[PDB]
Amino acid sequence: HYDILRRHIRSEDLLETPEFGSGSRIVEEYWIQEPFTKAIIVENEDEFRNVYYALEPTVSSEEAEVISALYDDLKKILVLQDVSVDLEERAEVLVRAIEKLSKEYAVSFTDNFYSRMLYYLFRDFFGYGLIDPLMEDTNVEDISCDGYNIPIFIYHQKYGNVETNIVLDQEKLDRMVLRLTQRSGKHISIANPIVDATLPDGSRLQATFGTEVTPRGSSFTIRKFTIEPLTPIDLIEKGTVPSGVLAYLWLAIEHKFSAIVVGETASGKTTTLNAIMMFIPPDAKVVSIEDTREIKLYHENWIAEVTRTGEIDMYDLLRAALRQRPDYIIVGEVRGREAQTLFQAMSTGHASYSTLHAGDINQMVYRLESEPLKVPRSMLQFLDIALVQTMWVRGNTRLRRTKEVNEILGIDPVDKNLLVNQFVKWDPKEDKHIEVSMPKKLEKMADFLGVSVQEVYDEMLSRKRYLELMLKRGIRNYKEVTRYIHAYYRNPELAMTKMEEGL
Amino acid sequence: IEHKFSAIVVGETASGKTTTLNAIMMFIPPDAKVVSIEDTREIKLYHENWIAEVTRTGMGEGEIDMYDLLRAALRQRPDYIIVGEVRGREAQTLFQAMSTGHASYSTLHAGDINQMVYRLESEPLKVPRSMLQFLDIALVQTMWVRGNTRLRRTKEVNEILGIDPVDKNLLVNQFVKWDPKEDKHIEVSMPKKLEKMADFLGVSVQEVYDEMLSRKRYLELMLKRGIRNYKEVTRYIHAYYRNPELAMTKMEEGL
Amino acid sequence: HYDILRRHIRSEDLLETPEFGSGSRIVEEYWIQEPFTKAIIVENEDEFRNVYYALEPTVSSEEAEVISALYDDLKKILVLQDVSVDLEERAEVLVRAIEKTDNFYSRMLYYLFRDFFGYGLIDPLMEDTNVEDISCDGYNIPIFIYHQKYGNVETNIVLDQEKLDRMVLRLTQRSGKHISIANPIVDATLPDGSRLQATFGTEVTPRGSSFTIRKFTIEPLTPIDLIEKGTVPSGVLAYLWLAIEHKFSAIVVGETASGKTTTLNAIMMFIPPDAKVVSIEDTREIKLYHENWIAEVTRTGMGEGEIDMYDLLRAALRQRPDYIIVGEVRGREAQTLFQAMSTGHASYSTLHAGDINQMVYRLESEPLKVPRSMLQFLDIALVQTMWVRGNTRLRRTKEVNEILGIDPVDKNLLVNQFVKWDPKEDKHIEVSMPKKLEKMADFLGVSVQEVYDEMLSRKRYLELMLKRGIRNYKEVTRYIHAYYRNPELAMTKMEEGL
């Protein structure tokens, strides 16, 4: 979007320098998208806190009025406000149109006021409007707008919870919500005032309309979607999952053990699933079914299926894909009926993985067995690993942590109880993952290979070493990480040497 | 409350449940995001980053109950969740929020922890036995009368330590008890939750204990200075959060 | 398709030779449709992986639009595409129509055919019986396949947007469906009898249109085969042959990748030539060289009425099947099956489990929920295994279990273990008498020694087929059908290499 804009810019230096009186001290400044936006962390020292300032190109009461004027005309054009169209060409339908209205009304603006007016038109037409800067700043992970005349709050990757300078009044906020809502294909109104949707880019939306069910006015909450997939290295570095557990999981998904990663909504479940899904052997056939395109993989032999909300559901896609011979099936989040199918896939030898909304393992079982999912108890035996994610909150810090790793051994012959083994448990105290025991799944692997448990264990340590070597060498991006993992697959010793040899 | 220990205010009817809750909800950290779900507004809070959600009857539209609202509120990011009073199904979601780290608070119609447990476990609430472990504190409120002697007292401060494997289950440590004979609050056990705090904070107990005594003084002073209003009280509390040092000094210097 | 063609051609030295730069070693090479297409399995030292290269008669870029032109006209010939017309005749027109080098001719008809009667770009993959799975994931992505021996390998066949979009319409149409943005997903079955999943556009497949084809090319392992692989001893196989002829019902149980289906399909070639057999599967896997047979396959209901195994069995058991085969019991239908058993229908099926206890549990508990008392009608339950050491990959029948019946006031399931497999010596040990052989005496109305004699007889017959290297299922089934018809004559021909 902005690269296109930066093209027609027609000038730079559109930003001035803020006037924060005393009792206010700049803590940090940084371009969000130069030369238009900029974030300025300001410290209102009187109140011993910081306050995110979204800085946009300055305009005067007269100027903005002029801008708003063009918007009204350009607004007539439907193309530029049509999502099905390529941003790039409707970005010109805009500049080429402003050219008309300009030369016609016989006027020539300032090279600057253009490279300023232009910013606003794009923003309110293509961008996210008033919150665009927040929607842009990579540091902002969440956006929370409680209501009429209430400042937007956000979660900053470095300052955590912080008050923002952006404030929407009723007229503005209502539009904002409708816009966000509409932009997500779903509809909101006094009739049905609550909406749980996902924006075009994947960010999750939670909106409310009017004061029907929410006095204080309409409100919305966005949980931005990071474009770049965290990798198992990212996870080792972030203290979220130990390199050993990660090695353990590598072997586990190689040997097609099916796993489900459990957690609370927004606990980092998908992020983790995507990360460990980078351990899939290179040539295998991967099939992914989701309601919202989220998983990003550097795996050629893969088909990414997506749900249609109108009508084609996961269930349909899942049983369909199951008629073939896929090596790995990814679901993303079992929420109903298909949950049964997914567990059957397991029963019939398919490496199956998915996300599930629950807090404990107890809660997992409960949520699995009861409607709408309704997975019979006899079938749970077919799940191999169950991870539990948690988002540890202490002060102005967030910690996505693999809270616990569980192994489903089987179903007890009495009371048909699920045999489980928790071999790794996180400790919030020292923020240390603890191995309450050794993985029982290592024996299943040993047999499947004809080697001694001891032999598998050492393989693990090896991969573990490889991972930490990749970390130490600063290999974090998914494409490059996947590249090096596929390598170890193709040939381990050659791969190891090349890792510890600089290549 | 600052540390997010969840609490339910239990009490017979006309004992003070809601009042007390609303009272101690003015202890929420100035910047934390709080969402409340009530059948009808009753909770007043001098807090900004706050979403107030109210149930819909559905008289002539789509009925939206507490279950729907909580289910979808817990969904955004609330640091604190306040449910006016649990009167059914939504109760499960709440305790789920608890097992998840959401500082959850609410009210329940009952006279003692036993009744509380019964009501919570049995339909309509039907909260699973094992989930109870995530509730931290349960206050029990009362009404006490003699002459025109109209008294609302916290009968007891109960600390829910957790569950017992092979049990009776609900492990409760009673911190404070109220003697009506002398109208006095007696400590009848150690405030164990203060130790869990040491663990969270990463400090010692005496250290936390010190801060408690400190916060205590701060309150008694506000009292002596006649700072009664909620808007003003919340301001001085928000104050102490921001900087207890400066906050304490201004209070000792009538400003 | 290729016999009709390959004669109308002139030259026979069509298609040059492959040229792979260094680091691109040639592992193997073999013919597909001589002398047009040939497949080469190349290596790649760097990435320890093999690659499938689909070789077709090379052409000139001038011949390109040239042959693409001769096609631009032949297309407007409705009388060609028409499938109602026999391929033998249809071909003729294309030839005659083309009349309106003596080498370029042949290495051209190939394509003209490959696009009118063939499968187009993927014909090399559809004709090669080594490729049992075809995965075209997306736009400009090399197709992947599952080779009978090489498994997952990349391919030299890629399709850009349009090239694939039309391919998806071709496959969709030959299967009899109409894939469109309105109905972007198709799960049909191709004329050659193959499973085809297909997606048009990018509504459900962001990675563009796509398709997958799981070819029914199987070549089902044979009883003789099981003997060779040392999976099941010849003696046990004879015992089963009799068992099956007499309609004793059997379930093949085993952990995953142990051989359940293989073994079943194997021992299902023991069904009497004239008996009526009906099979119900979630997806075809069972190959049988039997005529009086009805094969029924479950329907997903993607966009129509869903018909599950329960529906199919319920209504199959309804006609007169002497033998009923259920691919694998994964639910409700299981009850109907055991009902069929209590009724005398020689019923067979597979079940995911490790030992009789697990089998029982799964069968009794939901979703299957087969009533405790019904189990008595199951006769034999084989337990299959996977065994490994070095590259030592072994599939063995761990145990032949005879279900004697139910016990009043019990523990219930009375099982007599006939054969056990010792992995230490890789030997099958008899650990009890084959009681079912006595039930046979009772059925047949003869003595045990008598039946026992026939078993030893049938046993010999099998070992001989082995010695004579009769491995194929079509041929094996014939010699078995043989013995049924006349064991006397059958035995003599076998001893006299004929």
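Residues numbered from 1 in each chain as written, not as in the entry; some residues may be left out. Chains lettered and ligands numbered in written order. Part of a larger assembly, values for the part shown. Heavy atoms only, no water. Residues with missing side-chain atoms left out of burial classes, pairs and counts.

In its metadata, the entry names X-ray crystallography as the structure determination method and reports 3.150 Å as the resolution.

For this entry, the PDB record gives the title as "Crystal structure of the archaeal secretion ATPase GspE in complex with phosphate". Annotation of chain C in UniProt includes, under Sequence similarities (unreviewed entry), the sentence "Belongs to the GSP E family." (UniProt positions renumbered as here; feature names shortened; annotations may be inferred.)

UniProt, in the comment section headed Sequence similarities (unreviewed entry), describes chain A in these words: "Belongs to the GSP E family."

1. Some details on the overall build of chain A
For chain A, the count of helices and strands is 16 helices and 19 strands. At 26 Å, chain A has a C-alpha radius of gyration in line with the 23 Å of a compact globule built from 503 residues. (Helix = DSSP H or I, 4+ residues; strand = E, 2+ residues; numbered from the N terminus. Rg over C-alpha atoms; globule rule 2.2 N^0.38 Å.)

2. Observations regarding the overall build of chain C
Each helix and strand in chain C was counted, giving 16 helices and 18 strands. Dimensions of chain C along its principal axes, counting C-alpha atoms only, are 85 × 55 × 50 Å.

3. What about the domain arrangement of chain A?
Residues and elements named next belong to chain A. Splitting chain A by domain gives domain 1 (1-226) and domain 2 (227-503). Taking only C-alpha atoms into account, the centre of domain 1 sits 38 Å from that of domain 2. Taken together, the contact between domain 1 and domain 2 spans 12 residues of the former and 11 residues of the latter. Of the roughly 920 Å² buried at the junction of domain 1 and domain 2 (both faces included), carbon and sulfur atoms supply 38%. Contact with domain 2 buries surface across domain 1, with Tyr155, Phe225 and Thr226 losing the most and accounting together for 46% of the total. Across the pair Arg398 and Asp142 runs a salt bridge whose closest N-O atoms are separated by 2.2 Å. Linking domain 1 to domain 2 there are five residue pairs in polar contact. Looking at the side of domain 1 that touches domain 2, the elements with two or more residues in it are strand 5 (140-145) and strand 7 (160-163). Of the residues in the side of domain 1 that touches domain 2, the class split is three nonpolar, five polar and four charged. (Domains from an automatic or database assignment. Contact = heavy atoms within 4.5 Å. Buried area = accessible area lost by both parts, 1.4 Å probe. Salt bridge = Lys/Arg side-chain N within 4 Å of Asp/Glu carboxyl O. Polar contact = N/O pair within 3.5 Å; in protein donor to acceptor, adjacent residues only side chain to side chain. Nonpolar A, V, L, I, M, F, W, Y, C, P; charged D, E, K, R; others polar.)

4. A word on the sheet that holds strand 10 (residues 219-223) of chain A
In any sheet, the strands associate via hydrogen bonds between backbone groups, in a parallel or an antiparallel arrangement. Residues and elements named next belong to chain A. One open sheet holds the six strands; their spatial order is 7-6-5-10-9-8, and the pairing between them is antiparallel. Each edge of the open sheet is held by one strand with a lone partner, namely strand 7 and strand 8 (194-198). The sheet shows a mean angle of 15° between the axes of neighbouring strands, direction not considered. Where strand 8 and strand 9 (residues 204-208) come together, five bridges link them in antiparallel fashion. Its bridge partner being in strand 9, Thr198 is matched across the sheet by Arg204. Docked against the sheet, helix 6 (residues 170-182) engages strand 5, strand 8, strand 9 and strand 10, running at close to 45° with respect to strand 10. (Pairing = 2+ DSSP bridges. Axes fitted to C-alpha atoms, helices over the stretch in contact; angles between N-to-C directions.)

5. What about the sheet that holds strand 4 (residues 80-83) of chain B?
All names here are of chain B. Within the open sheet, the nine strands sit side by side as 3-2-4-5-1-6-7-8-9. Their pairing is mixed. At either margin of the open sheet sits one strand with a lone partner, and together these are strand 3 (50-54) and strand 9 (184-187). For this sheet, the mean angle separating the axes of adjacent strands, direction not counted, is 20°. The sheet contacts of helix 1 (residues 17-24) involve strand 1 (7-11), strand 4, strand 5 (103-109) and strand 6 (137-145), and relative to strand 5 the element is tilted by about 165°. The sheet strands contacting helix 3 (residues 90-99) are strand 1, strand 4 and strand 5, and the helix crosses strand 5 at an angle near 145°.

6. Regarding the environment of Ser203(A)
Residues and elements named next belong to chain A. Structurally, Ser203 can be placed in the loop between strand 8 and strand 9. Classification of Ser203 as buried rests on a relative accessible area of 1%. Those residues in contact with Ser203 that lie beyond four places of it in its chain are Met135, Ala197, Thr198, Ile222, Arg223, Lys224 and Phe225. Reaching out from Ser203, the side chain makes a polar contact with the side chain of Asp201 at a distance of 2.7 Å. (Buried < 20%, exposed > 50% of the residue type's maximum accessible area, 1.4 Å probe, protein only.)

7. Notes on the interface of chain B and chain A
Across the boundary between the two partners, chain B contributes 33 residues, which contact 39 residues of chain A. Taken together, the elements giving at least two residues each to the side of chain B that touches chain A come down to strand 3, helix 3 and helix 5 (193-201) of chain B. The element contributing the most residues to the side of chain B that touches chain A is strand 3 of chain B, with five residues. For the side of chain B that touches chain A, the residue count by class is 11 nonpolar, eight polar and 14 charged.

8. Things to note about the nonpolar core
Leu246(A), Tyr328(A) and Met470(A) are the most contacted members of the largest nonpolar core, which has 57 residues in total. For this core, the element with the highest residue contribution is helix 8 (residues 243-254) of chain A, accounting for nine residues. With 56 residues, the next largest nonpolar core counts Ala250(C), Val277(C), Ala346(C) and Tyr348(C) among its residues. (Core = buried A, V, L, I, M, F, W, Y, C linked by side-chain atoms within 4.5 Å.)

9. Quick word on the interface of chain A and chain C
Between chain A and chain C, the contact holds 41 residues from the first and 52 residues from the second. Carbon and sulfur atoms make up 49% of the area that chain A and chain C hide from each other, which totals about 4,000 Å². Among the residues of chain A in contact with chain C, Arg323(A), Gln324(A) and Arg325(A) are the three that bury the most area, contributing 21% of the side total. Viewed at the interface, chain C and chain A are joined by five salt bridges. In this structure, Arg325(A) and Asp133(C) form a salt bridge, with 3.1 Å as the shortest nitrogen-oxygen distance. Linking chain A with chain C are 20 residue pairs in polar contact. Listing elements by their share of the side of chain A that touches chain C, those giving two or more residues are strand 13 (302-306), helix 10 (314-321), helix 11 (338-347) and helix 13 (441-449) of chain A. Taken together, the residues that form the side of chain A that touches chain C break down as 16 nonpolar, 10 polar and 15 charged.

10. Brief notes about the domain arrangement of chain C
Residues and elements named next belong to chain C. Structurally, chain C comprises domain 1 (1-217) and domain 2 (218-498). Listed per partner, the contact involves five residues of domain 1 and nine residues of domain 2. Applying the counting criterion to the domain 1 and domain 2 interface returns one salt bridge. The salt bridge involving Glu285 is made with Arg214; its shortest N-O contact spans 3.1 Å. Of the residues belonging to the side of domain 1 that touches domain 2, the class tally is two nonpolar, one polar and two charged.

11. Observations concerning the UniProt feature "binding site: Mg(2+)" (unreviewed entry) in chain A
Residue and element names in this part refer to chain A. The sites that carry the UniProt feature "binding site: Mg(2+)" (unreviewed entry) are, in the present numbering, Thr270. On the basis of relative accessible area, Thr270 is assigned to the partly exposed category, the value being 23%. Beyond its immediate stretch of four places on either side in the chain, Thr270 contacts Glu294 and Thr355.

12. Brief notes about the side chain of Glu38(B)
All names here are of chain B. Within the fold, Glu38 resides in strand 2 (residues 34-38). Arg41 provides the closest opposite charge to the buried, unpaired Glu38, separated from it by 5.1 Å. Only 3.2 Å separates the side chain of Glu38 from the backbone nitrogen of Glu42, close enough to count as a polar contact. Leave out the neighbours within four places in its chain, and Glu38 touches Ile43, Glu53, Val54, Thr55, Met66 and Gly84. (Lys, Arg positive; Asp, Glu negative; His and termini not counted.)

13. Focus: the environment of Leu94(A)
Residue and element names in this part refer to chain A. Following the sequence through the fold, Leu94 ends up in helix 3 (residues 87-104). For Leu94 and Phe122, which are 28 residues apart along the polypeptide, the C-alpha to C-alpha distance reads 8.4 Å. For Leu94, the contacting residues outside a window of four places in its chain are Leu74, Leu80, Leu118, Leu121, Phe122, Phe125 and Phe126.

14. Thoughts on the packing of aromatic side chains
Aromatic ring pairs are reported here in terms of the distance separating the ring centres and the angle at which the planes meet. Residues and elements named next belong to chain A. Summed over all chains, the structure comprises 34 aromatic pairs over all chains. Aromatic pair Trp250 and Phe279: ring centres 5.1 Å apart, planes at 15°, arrangement stacked. Taken as a pair, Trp250 in helix 8 and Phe279 in the loop between helix 9 (269-276) and strand 12 (286-290) lie far apart in primary sequence, 29 residues in all. You can call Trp250 buried: its relative accessible area is 0%. Its relative accessible area of 0% is what places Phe279 among the buried residues. (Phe/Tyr/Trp six-rings, centres within 6.5 Å; stacked < 30°, edge-to-face > 60°.)

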